[PDB]
């Protein structure tokens, strides 16, 4: 029964052609949905009650579009998101962190615009987790956004939006200085011929996967759902293909900001992503990601590859990792394990930000501290196992891989352990 579910017959195929031939509509997904959903907040999704339904449907990142609305309007959206998120904090073993992303207006006809400087300052003051920087054309555009965030916004992630020909041509220099990328297909499809956008999307997703940096696929994914309860055949195909391409995140714009079916649009992206994730050909994907990642002397990079390899060997249900900044979980995520990466962190911001990395399931640790560091570490590892059992990630008899470090503080991950559940 186990080997009939989650496209396991297709997973064992010897060629990609055979893998396609073995895909089965009756093979049900079992793993948790790995690709994060970004939902744009607007009139259709602003109320606290509506936001609670969207969190339950699978929204992981709330996008604030600073192209429209005042600072007062966006501050109320942030407060409503935080109120809806915290209404589930009463059960810490099931609570879902939700990131807040600020999408800038852009340069317009101009460097960094004066409105963007003000909006970025607003973001730092209101504690946003991510910035989606509009119309990034070169590395100096990213440096200007980084400078406008100041010393208090040092921890905010910058996702550069590639929306034009220059951004595509200067992609490598932009990615090098960014935390990740957004394939902003709306403007990109107007700036370059519409029939070429898929080449830019697939190239950028491939290069981000190679670099181990988050990549977002965005715009018109479920467009018809703005007025209709069900999407078109092209729309479900687009969502599935963005996941199969290797996108870490998928996005909804008008579908959630102004449409008549915001909750249904989130549920549809969730349903398709789970199906597409099981249809991934991990055998080739892992081998290629492994070969293309360079040799390293960083113990976190060395432990990550060892843990992902160990997970595939035993069909591990999860890789539990302790992380302060989210970096150890991100280095596991870059090899696209089938095993869920359960990230146990004390940082509420890192818990929100790791939604950018595919397959990272954040658990915010709020249990009392232990006097002995080693005892505290073990307690955090047991917390990950207990949340995993409660949420259905783990069952008795499963094997898990546990990733920890040799001393407190970030940057010291160097240990991988094989543990049998219960």
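Throughout, rigid core stands for the largest set of C-alpha atoms superposing within 1.5 Å between the two forms. Residue numbers count along the first chain shown, from 1.
**Q** Comparing against the shown form in 9 other deposited structures of this protein, which stretch has the larger RMS C-alpha deviation after a rigid core superposition, 85-93 or 342-350?
**A** Farther on average in 9 other deposited structures of this protein: 85-93.
**Q** Name the stretch, 365-373 or 37-45, whose C-alpha atoms sit farther from the shown form on average in 9 other deposited structures of this protein, taking the rigid core as the superposition reference.
**A** It is 365-373 that deviates more in 9 other deposited structures of this protein.
**Q** Checking chain continuity here. Are there deposited residues lacking coordinates between residue 110 and residue 111, and if so is it 1 to 3, 4 to 9, or 10 or more (or none)?
**A** The entry has a short gap there, with 1 to 3 residues left out between residue 110 and residue 111.
**Q** If you average the CA temperature factors over each stretch, which comes out higher, 295-303 or 122-130?
**A** It is 122-130 that shows the higher mean C-alpha B-factor.
**Q** Compare the mean C-alpha B-factor of 111-119 with that of 325-333 as given in the PDB entry, and name the stretch with the higher value.
**A** Stretch with the greater average CA B-factor: 111-119.
**Q** Name the residue from 244, 310, 144, 318 with the greatest C-alpha temperature factor listed in the entry.
**A** Among 244, 310, 144, 318, the highest C-alpha B-factor in the entry belongs to 144.
**Q** From 275, 248, 195, 76, which pick has the Cα B-factor that tops the rest in the entry?
**A** Highest C-alpha B-factor among the listed options: 76.
**Q** Sort the modelled residues of this chain by their C-alpha B factor and say whether residue 63 lands in the lowest, middle or highest third.
**A** Within its chain, residue 63 is a middle-third residue by C-alpha B-factor, going by the deposited values.
**Q** By the record's CA B-factor, is residue 233 among the lowest, middle or highest third of residues in the chain?
**A** It belongs to the lowest third of the chain when residues are ordered by C-alpha B-factor.
**Q** Within this chain's modelled residues, let me know which third the CA B factor of residue 416 belongs to: lowest, middle or highest.
**A** Within its chain, residue 416 is a lowest-third residue by C-alpha B-factor, going by the deposited values.
**Q** Please say which third, lowest, middle or highest, residue 349 falls into when its CA temperature factor is compared across its chain.
**A** According to the entry, residue 349 has a C-alpha B-factor in the chain's middle third.
**Q** If you rank every modelled residue in this chain by C-alpha B factor, which third holds residue 224: lowest, middle or highest?
**A** Answer is middle: the recorded C-alpha B-factor places it there.
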